[PDB]
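The next block holds one structure in the form of structure tokens; read it before the comments.
Read the figures in this text as sums done on the coordinates, not as results from a lab. Note that we place each Cβ from the backbone using ideal geometry, even for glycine, and neighbour counts take in every protein chain shown.
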Amino acid sequence: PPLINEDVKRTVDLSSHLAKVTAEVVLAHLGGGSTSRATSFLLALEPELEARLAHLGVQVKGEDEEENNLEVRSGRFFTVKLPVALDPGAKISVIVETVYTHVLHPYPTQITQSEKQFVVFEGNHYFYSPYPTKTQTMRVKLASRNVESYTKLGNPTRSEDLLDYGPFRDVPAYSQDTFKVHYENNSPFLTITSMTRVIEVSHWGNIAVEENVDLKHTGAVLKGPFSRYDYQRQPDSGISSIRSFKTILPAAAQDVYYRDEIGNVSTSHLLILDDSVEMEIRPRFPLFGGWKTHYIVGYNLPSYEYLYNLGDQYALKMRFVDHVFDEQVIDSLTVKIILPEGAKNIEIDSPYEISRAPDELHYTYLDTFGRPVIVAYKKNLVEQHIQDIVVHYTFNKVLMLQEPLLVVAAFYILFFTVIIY
Amino acid sequence: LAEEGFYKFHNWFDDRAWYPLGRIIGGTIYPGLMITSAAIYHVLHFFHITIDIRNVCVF
Amino acid sequence: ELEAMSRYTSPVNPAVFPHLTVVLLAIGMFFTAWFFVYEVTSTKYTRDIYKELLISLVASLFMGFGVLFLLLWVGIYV
Amino acid sequence: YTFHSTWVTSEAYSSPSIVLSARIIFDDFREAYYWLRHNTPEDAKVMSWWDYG
Ligand SMILES: *[C@@H]1O[C@H](CO)[C@@H](O[C@@H]2O[C@H](CO)[C@@H](O[C@@H]3O[C@H](CO[C@H]4O[C@H](CO[C@H]5O[C@H](CO)[C@@H](O)[C@H](O)[C@@H]5O)[C@@H](O)[C@H](O[C@H]5O[C@H](CO)[C@@H](O)[C@H](O)[C@@H]5O)[C@@H]4O)[C@@H](O)[C@H](O[C@H]4O[C@H](CO)[C@@H](O)[C@H](O)[C@@H]4O)[C@@H]3O)[C@H](O)[C@H]2NC(C)=O)[C@H](O)[C@H]1NC(C)=O
């Protein structure tokens with residue numbers, strides 16, 4: 001079924017270190033008859049950025065979302081099933097939204113203590129797709145007004161910080177072209193190298209989640225001497241440095257302990273808001289570039305809000321990856337859900353595909369046989385990836401008793417030994 | 001001494017102190033405190049208390 | 001589904017863990033002291049085994065639940 | 001004797017060595033070491049007086 005894109009108001013913006021581009025595709029069907037239904041729809045990724053895609057989600061104007069199946073038919077084209085089938089002559093506003101990660105490189109690799117980390121992007125003027133488009137005007141939103149070199153095609157006009165590109169009225173089927181912008185982006189370049197999220201469930205009280213976070217400043221690796229005197233007595237000094245970041249908690253965290261590998265960290269400010277618990281965190285030292293830090297954050301939240309129990313079968317729906325900072329990015333994430341002593345049947349409903357390893361056993365303070373753990377390995381997590389993961393497990397109600405009685409028996413055996421003595 | 005068995009600590013060359021020279025920890029320290037703490041930690045582990053080695057070593 | 005199930009209200013309200021632990025521990029400790037006292041002050045001729053066994057059982061029972069609830073109160077939530 | 005002993009234990013003979021305090025906390029002795037542990041080549045040769053070895 002032939003499809004024609006009519007309007008594509010794609011607007012790549014690079015204010016942060018994530019190059020999230022949204023294109024307001026408008027699809028129409030050709031006048032050709034007998035091709036009434038076109039339920040499917042196709043999408044494509046540029047060959048340069050194909051191995052960098054973060055969450056890519058489709059939409060329809062209004063309150064709706066669509067499912068984009070991943071298949072190979074080569075740039076791993078995404079098949080989108082339109083909610084309502086469209087006959088010839090119809091129009092369907094498809095607001096395709098994607099997010100590219102690790103696509104911004106600092107062109108001056110070794111800035112000194114006081115310079116602005118100029119970065120460089122390698123985009124694509126035309127909207128890469130499998131259908132020939134009509135006029136399409138890509139508007140680029142930048143971070144600062146210090147462009148150095150931007151590709152000129154159709155005389156791109158310049159606003160205060162927005163570069164507008166002229167409407168390309170006609171393009172071919174697989175139109176490709178590369179443009180690069182050399183602007184100044186002194187924004188927090190923070191990449192979480194790895195994160196391990198451990199979720200321990202306990203039927204007695206609450207559920208305690210702790211996460212180890214390795215995080216590293218990526219762009220503009222520091223060169224030359226570092227001087228605290230200049231850092232203190234000068235505001236201009238250390239523009240690229242990140243003094244602190246704020247982590248939104250889930251509004252029920254009771255006691256949150258921010259602790260590094262070496263010891264409890266004095267500096268952190270948490271404020272209990274109406275809908276959440278904000279927590280500003282300062283690392284031990286102000287990161288500049290290639291300065292990695294490792295910390296531990298862990299809070300236990302009441303079980304009644306989350307755990308759902310029906311007769312003998314329980315369910316636990318929770319956040320796969322919790323918020324860490326504004327416009328985060330993860331490079332390796334391992335979720336471990338430590339269920340209680342008995343989890344006979346452990347089915348898990350993942351919102352998206354998660355690589356999963358076999359289950360193993362964990363040995364807590366009173367477990368005699370162990371407790372099952374669920375491990376899930378994922379890479380390239382971003383802010384949009386935050387979703388709800390639900391696990392269904394059957395736990396015998398009386399099994400929880402099985403722990404205290406054993407503690408009694410051991411005590412009793414010692415008493416019996418004394419009697420023998 | 002906790003993670004690695006006693007026999008892998010009685011003789012032990014620590015090449016992370018006195019860089020050019022290197023000091024032997026296996027035969028220069030009285031192994032009393034380390035074998036009373038390792039034993040007190042192993043007994044707890046055998047009883048599935050699973051306490052930390054930085055928490056049975058402070059108390 | 002998810003609507004059929006309802007919030008998992010804990011069997012024991014957590015706010016009651018401290019007091020519950022205290023009384024249980026107290027009683028258990030008292031029983032243990034009694035057993036030890038009986039063990040010290042008893043000749044071979046007069047050592048009733050039924051009494052010893054019963055006191056031991058009660059002591060161990062209370063001490064076990066006490067330690068468990070104390071651990072729970074400490075926030076380990078085993 | 002019990003009173004004086006508690007007071008002596010409390011006020012003076014109990015002070016963390018690596019946590020200079022006056023509540024305001026000075027934890028530099030830890031921040032610098034952590035920096036060293038994370039932002040130096042894996043084969044450095046940090047030289048300091050025998051006190052901090
Ligand atoms: C082991 O580690 C843990 C974790 O690190 C550690 O626990 C921490 O201990 C510290 C104590 O040093 C606790 O710090 C507290 O933080 C409270 C929260 O502060 C936030 O909210 C303040 C309120 O702002 C509101 O109102 C203003 C208008 O007034 C408004 O603008 C705001 O928007 C908001 O509505 C806010 O002022 C505060 O801002 C701080 O940071 C900014 C920088 O962003 C700075 O410019 C400010 O000047 C200010 O410093 C922050 O946003 C805070 O309320 C609380 O204050 C009490 O103590 C201080 C003295 O320290 C008094 O002056 C004050 O009147 C209060 O009595 C205190 O600062 C922190 O919460 C703990 N965190 C955790 C997780 O426990 C342990 O201590 C460590 N263990 C040991 C042994 O040390």
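Any idea how far the Cα center of segment A:47-109 sits from the one of chain B, in Å? About 56 Å separates the Cα centre of segment A:47-109 from the one of chain B. Going 7 Å from the Cα of C:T9 toward and past its Cβ, which residues in segment A:195-224 have a backbone nitrogen under 20 Å from where you end up? Within reach of a label on C:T9: A:202-207.
Take the Cβ atoms of A:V84 and A:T196, set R0 to 41 Å, and the FRET efficiency comes out at 0.45. In whole angstrom, how far apart do the alpha carbon centroids of segment A:164-210 and segment A:270-346 sit? A separation of 19 Å, based on Cα centres. Counted residue by residue at 0.36 nm each, then reduced by the alpha carbon distance between them, the extension gain from A:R228 to A:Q313 reaches 24.8 nm.
For C:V23 and D:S10, a Förster radius of 30 Å and the Cβ-Cβ distance give a FRET efficiency of 0.45, rounded to the nearest 0.05. Database remark: amide H of A:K134 closer than 5 angstrom to the amide H of A:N5, A:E6 (H placed geometrically; neighbours at sequence offset of 5 or more, or on other chains; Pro and chain starts carry no H). Each peptide in D:9-18, A:324-333 gets a packing score, the mean of other Cβ atoms within 10 Å over its residues, and the list from highest to lowest is A:324-333, D:9-18. Our coupling estimate for segment A:404-416, obtained by passing each phi through the Karplus curve with A = 6.51, B = -1.76, C = 1.60 and θ = phi - 60°, is x, 4, 4, 4, 5, 4, 4, 4, 4, 5, 5, 4, 4 Hz, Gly and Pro reported as x.
Taking a sphere under 10 Å around the Cβ of A:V390 and counting the other residues whose Cβ falls inside, with K and R at +1 and D and E at -1, yields a net charge of -2.
Amide H contacts for C:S42 (H built 1.01 Å from N in the peptide plane; partners 5 or more residues away or on another chain; cut-off under 5 Å): none found. In this simple spin-label approximation, A:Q387 and D:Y1 carry label points 7 Å from Cα along the Cα→Cβ vector, and these lie 7.1 nm apart.
So what is log10(I(q)/I(0)) for segment B:1-45 at q = 0.15, 0.31 1/Å, when the Debye sum runs over its Cα atoms only? Here log10 of I(q) over I(0) equals -0.43, -1.11. Counting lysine pairs in segment A:186-395 whose alpha carbons fall under 15 angstrom apart, excluding pairs fewer than 8 residues apart on the same chain, gives 4. Relative to the 2.2 N^0.38 Å rule of thumb, segment A:172-228 has a C-alpha radius of gyration ratio of 2.11. Amide H to amide H, with H built 1.01 Å from N, A:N146 comes under 5 Å of A:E184, counting only residues 5 or more places away or on other chains.
Simple spin-label estimate for A:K292 and A:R243 gives 2.7 nm between the two label positions (7 Å along the Cα-to-Cβ direction from each Cα). Across segment A:353-362, coupling constants 3J(HN,Hα) worked out from phi with the 6.51/-1.76/1.60 Karplus curve, θ = phi - 60°, read 5, 10, 5, 10, 9, x, 6, 9, 10, 10 Hz, and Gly and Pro carry x.
List the relative contact order of chain C as a percent without decimals, with contacts defined as Cα pairs under 8 Å and 6+ residues apart.
46 percent
Shown for chain D is the translational diffusion coefficient from the Stokes-Einstein equation, using the Kirkwood radius over Cα pairs, a temperature of 10 °C and a viscosity of 1.306 mPa s: 111 µm²/s.
Each semi-axis of the equivalent ellipsoid for chain A is √(5λ) with λ an eigenvalue of the Cα gyration tensor; in descending order they amount to 47, 33, 16 Å. Over segment A:186-395, Cα pairs under 8 Å with separation of 6+ residues give a relative contact order of 26 percent.
Beyond 25 Å, how much of the Cα-Cα pair distribution for segment A:186-395 remains, as a whole percent? Tail fraction, whole percent: 44. Inter-chain neighbour count for A:302-314: the average number of beta-carbon atoms from partner chains within 10 Å of each residue's beta-carbon is 4. Given A:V119, A:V171, A:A409, which one lies farthest toward the positive end of the charge dipole of the protein assembly as shown, if we put +1 on the Cβ of every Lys and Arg and -1 on the Cβ of every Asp and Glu? Going by the charge dipole, the pick is A:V119.
Comparing chain C with the 2.2 N^0.38 Å rule of thumb, its C-alpha radius of gyration ratio is 1.63 (two decimals). Excluding A:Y165 itself, what net charge comes from residues whose Cβ is under 12 Å from its Cβ, given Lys and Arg +1 and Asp and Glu -1? Counting the neighbours of A:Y165, the net charge comes to +3.
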